[PDB]
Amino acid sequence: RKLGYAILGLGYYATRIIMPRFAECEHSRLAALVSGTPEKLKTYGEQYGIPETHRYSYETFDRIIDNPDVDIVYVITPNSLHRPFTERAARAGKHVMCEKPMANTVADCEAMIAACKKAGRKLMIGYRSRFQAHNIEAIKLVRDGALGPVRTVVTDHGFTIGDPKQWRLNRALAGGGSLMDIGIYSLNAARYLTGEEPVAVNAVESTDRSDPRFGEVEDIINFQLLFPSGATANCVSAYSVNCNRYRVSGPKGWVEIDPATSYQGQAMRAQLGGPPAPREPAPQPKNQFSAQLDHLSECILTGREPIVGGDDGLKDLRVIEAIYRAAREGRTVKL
């Protein structure tokens, strides 16, 4: 049994990364395209053999309720449009896969969760690293007690951004700067490595507002998290350095991945009561993208809830609001 996906927003991630990976899926297929660019519907429709009946503009999208080949809409647009497209997908009786960050605010996430709940449809956020081999290995080592209690998580995510005119540098479409786009990987990782939610937050922003890229959103905002167990995290979020990594440590040892949450190339090193050494994770059947896609499909088919549901995206937005507040007010924000 395969469930049908409509991909909405035919941009870089949708067309270069997600859509090719349906080939390795076991319970998911590409069934429809939704796009504000007529030329894209033709090109990708013809390339993937999607009939004109299964091609939608943003103005014909609501008619997708009548298409039984579509079970899931995967929203892959600029951040500020996640909420409205998610609401309309739910209104058309479809389950929803929504990219990160879930939405611009906590209230927006709550609205999305409520809309899907009212429609009796499932909602999943695209945290693919939860389906990536090295990340799974790290999470399980922590849970199995290989490190003892988690004491520190040190995680850095950033890339040197370019073109000042792109939507990520537009506050109205992005919702915020590096933290919304890439720093959220540091946050999401601190949360799934500890298996906890933070109770206190520090942050510091560093942005040159005279830079053509950063008139509206932040460049660097680094943050500290304290968790109930006493676990701590130091996190980097940046648009002016390239980094992608974490190390989680306890009294019995540590494990790190660098790059940690990239499309490919993950490399893990561990120190588990002996000398530091490379560590291969347990093999996974399918790549992280195909796994993410099937996870939602399998959840629908078996009546389970996704391991990264709308509530996971909401929990990230909760801390992100606190991070922004801490950097703005120059104080520890309690949660």
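From 1 onward, residues are counted along the sequence shown.
Judged by mean Cα B factor in the deposited record, 209 to 217 ranks above the other of 180 to 188 and 209 to 217. The PDB entry records a higher mean C-alpha B factor for 114 to 122 than for its counterpart among 224 to 232 and 114 to 122. Among all modelled residues in its chain, residue 314 ranks in the middle third by Cα B-factor. When all modelled residues of the chain are sorted by CA temperature factor, residue 157 is found within the lowest third. Residue 145 sits in the highest third of its chain by CA B factor, as recorded in the PDB entry.
Residue 71: CA B factor in the middle third of modelled residues in this chain (values from the PDB entry). When the CA B factors of the chain's modelled residues are split into thirds, the value for residue 333 lands in the middle one.
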